[PDB]
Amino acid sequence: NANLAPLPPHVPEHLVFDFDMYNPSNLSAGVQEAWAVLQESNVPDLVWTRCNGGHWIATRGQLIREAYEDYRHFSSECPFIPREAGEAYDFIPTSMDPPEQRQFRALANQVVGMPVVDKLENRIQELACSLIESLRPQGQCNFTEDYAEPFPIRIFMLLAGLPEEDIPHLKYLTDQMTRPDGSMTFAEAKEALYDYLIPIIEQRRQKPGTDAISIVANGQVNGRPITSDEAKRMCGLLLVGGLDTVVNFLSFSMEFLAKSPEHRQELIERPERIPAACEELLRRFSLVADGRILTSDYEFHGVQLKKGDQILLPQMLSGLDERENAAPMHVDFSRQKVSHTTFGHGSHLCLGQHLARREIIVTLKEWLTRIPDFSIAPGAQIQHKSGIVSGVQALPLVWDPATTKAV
């Protein structure tokens, strides 16, 4: 292929595995299945793909976890593949390594953390119910657009104090950063997201509100006032986390539930298992994969890594690794030890994971109680999409209104 970058002199020929992050060959089998090919019998723990400019890929949880823990060798400064995206990526605190990362992470944690989630609980609850009830009698829906997107996004926009009418533009921009269609480079999408924020940040620094943006813009980092530039780099990240994470996960989960009546019946019969089901689904349908850049030449697991080399450390793969979970592709709500790195690992552990679990658990509970029985629209060929964050293109669902019930 002409999409293969010349193999660098230091990368062993036998370690080449041309996996394409943005268009994995086995995509038709499902995105997680497509990435799992990296864990087949004769694939080593660490491989090099010539796709997307050329980069390393850790295929097992042991290495993924080790690398995320060693920020001195594996820096978050250039976290995205391709290298151009990684270089343009300057969100805070994600593009920083400890120790400088911490003072900013603390502030971000204050705007989307548990205390904030507890506060949003009732509104999250109300929106879920409102959306599901309006869909209930129709006996059908395009899940991605009718629920997966509006539910998590409106909650984030509510938190950020931003008008919902701005969602089409913002969502388009965020998606170009994770699963670009080619219309925009990462740099262009980032510049447009920042352009959107600049005047809003200025406005709220002059007249502070109680929304997440105001809190960030008027916040302090270890005692000193955050700058306009810093607030922009943090708010941009929050927007991406709010618009392109839970939105995708919900569709993976609901697609699975629509194709598995037995699992639905398990949660219907024993709803107290929903939280556990949530964690198991987060493992099986993990969907994130970013990485790091080598700060210096370093021998890792018998492989010579060179300064500047990029290494993809798929958060998605840890929990799908059979060395972490037996029968990894099987969904077992009773799974004894659900091992995964779905929300990351190390100093950059996901800050929105608490908001995320709340949204997921609320969805499972409120949907199954009103629409306990549903399936994929007949003949529908569900398509997944791969990138920094993977997703589902469309999920047409159907059900008999007669089997539903208002709650």
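Note that residue numbering begins at 1 and tracks the sequence as displayed.
Comparing 38-46 with 352-360, the higher mean C-alpha B-factor in the PDB entry belongs to 38-46. For the pair 89-97 and 210-218, the record assigns the higher mean C-alpha temperature factor to 210-218. Comparing C-alpha B-factors across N325, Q315, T174, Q140 in the deposited entry, the largest value falls on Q140. Within the selection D118, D244, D321, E230, the deposited Cα B-factor values reach their highest point at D118. Placement of the Cα temperature factor of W367 within the chain: middle third of the modelled residues, per the deposited record. In the PDB entry, a CA B factor belonging to the lowest third of its chain's modelled residues is recorded for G391. In this PDB entry, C235 carries a Cα temperature factor that places it within the lowest third of its chain's modelled residues. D70: CA B factor in the lowest third of modelled residues in this chain (values from the PDB entry). Remark: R284 belongs to the lowest third of its chain, ranked by C-alpha B-factor as recorded.
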